[PDB]
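For the single chain, residues carry numbers from 1 onward in sequence order. Only heavy atoms go into these numbers, but all of them, side chains included; no hydrogens, no water, no symmetry mates.
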Amino acid sequence: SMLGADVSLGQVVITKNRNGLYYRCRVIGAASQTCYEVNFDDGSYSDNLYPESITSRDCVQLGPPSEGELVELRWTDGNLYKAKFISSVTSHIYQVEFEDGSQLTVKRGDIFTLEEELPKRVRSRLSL
């Protein structure tokens with residue numbers, strides 16, 4: 001959900017358009033994304049797992065597993081695998097609109113509020 005979000009709908013923020021220059025733009029959309037972090041038995045891992053893919057537990061109804069718990073999941077290949085659950089992460093993603101009418105979907109890390117200190121990288125390439 002949008003609980004804990006530090007950016008609101010209608011707020012003016014600064015972000016890089018694909019042209020490399022930074023502009024003032026308006027927040028037109030906002031959404032949350034919840035991903036699980038797991039370590040697969042094959043020695044690899046994921047920080048983007050869909051909570052619905054866990055088959056050993058009904059995570060949508062009962063909530064996430066305990067940290068360190070061995071779980072069973074169904075991978076994108078349609079096969080069952082076991083993995084160690086590590087953590088659950090919820091992040092906030094926004095949609096912005098520039099003065100020319102073009103739009104972009106951005107992570108919170110790529111936007112700057114009009115109150116925070118802008119790095120020199122941003123300040124030198126900032127438009128009027």
Cluster check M2, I111: I/L/V/M/F/W/Y, side chain < 4.5 angstrom: yes
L104 with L21, same ILVMFWY side-chain cluster at under 4.5 Å: yes
Residues that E97 engages under side chain to side chain donor-acceptor pair (under 3.5 Å), provided they are two or more places apart: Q103
Throw together a table of side-chain donor-acceptor distances under 3.5 angstrom for residues 4-11, partners on residues two or more places apart or in other chains.
{"unit_1": "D6", "atom_1": "OD1", "unit_2": "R108", "atom_2": "NE", "d": "2.9"}
{"unit_1": "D6", "atom_1": "OD2", "unit_2": "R108", "atom_2": "NE", "d": "3.4"}
{"unit_1": "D6", "atom_1": "OD2", "unit_2": "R108", "atom_2": "NH2", "d": "3.1"}
{"unit_1": "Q11", "atom_1": "OE1", "unit_2": "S8", "atom_2": "N", "d": "2.9"}

Exercise answer: donor-acceptor pairs, residues 38-46 side-chain atoms, under 3.5 Å, sequence neighbours excluded:
{"unit_1": "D42", "atom_1": "OD1", "unit_2": "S44", "atom_2": "N", "d": "2.9"}
{"unit_1": "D42", "atom_1": "OD1", "unit_2": "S44", "atom_2": "OG", "d": "2.7"}
{"unit_1": "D42", "atom_1": "OD2", "unit_2": "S44", "atom_2": "OG", "d": "3.4"}
{"unit_1": "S46", "atom_1": "OG", "unit_2": "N48", "atom_2": "N", "d": "3.1"}

Sequence-distant partners of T55, side chain to side chain donor-acceptor pair (under 3.5 Å), two or more places apart: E72
Same cluster (ILVMFWY, side-chain, under 4.5 Å), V12 and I93: no
Would you tabulate the side-chain donor-acceptor contacts of residues 22-34 under 3.5 Å, counting partners in other chains and residues two or more places apart, or write 'none'?
{"unit_1": "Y23", "atom_1": "OH", "unit_2": "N19", "atom_2": "ND2", "d": "3.1"}
{"unit_1": "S32", "atom_1": "OG", "unit_2": "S1", "atom_2": "N", "d": "3.0"}
{"unit_1": "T34", "atom_1": "OG1", "unit_2": "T90", "atom_2": "OG1", "d": "2.7"}

Partners passing side chain to side chain donor-acceptor pair (under 3.5 Å) against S56 (at least two apart in sequence or in another chain): none
ring-ring contact (aromatic ring centres under 6.0 Å, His included): pairs with one or both residues in residues 85-109, sequence neighbours excluded: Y36-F85
Interatomic spacing from OG1 in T76 to CG in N79 - rounded to 0.5 Å: 9.5 Å
same_hphob_cluster(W75, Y50) at 4.5 Å side-chain heavy-atom cutoff: no
Note, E52 side chain near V60 side chain (heavy atom, < 4.5 Å): yes
Any side-chain heavy-atom pair of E37 and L49 under 4.5 Å: no
Salt bridge (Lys or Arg N to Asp or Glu O under 4.0 Å) contacts in which one or both residues fall within residues 8-22, not counting sequence neighbours: none
For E69, all residues meeting side chain to side chain donor-acceptor pair (under 3.5 Å), sequence neighbours excluded: none
Linked hydrophobic residues, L80 as query - side chain contacts closer than 4.5 Å: none
Same apolar cluster: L126 and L114, side chain cutoff 4.5 Å: yes
Pairing residues for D77 by the salt bridge (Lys or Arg N to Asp or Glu O under 4.0 Å) criterion, not counting sequence neighbours: none
Atom of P51, atom of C59 and distance for their closest heavy-atom approach: O-CB, 3.8 Å
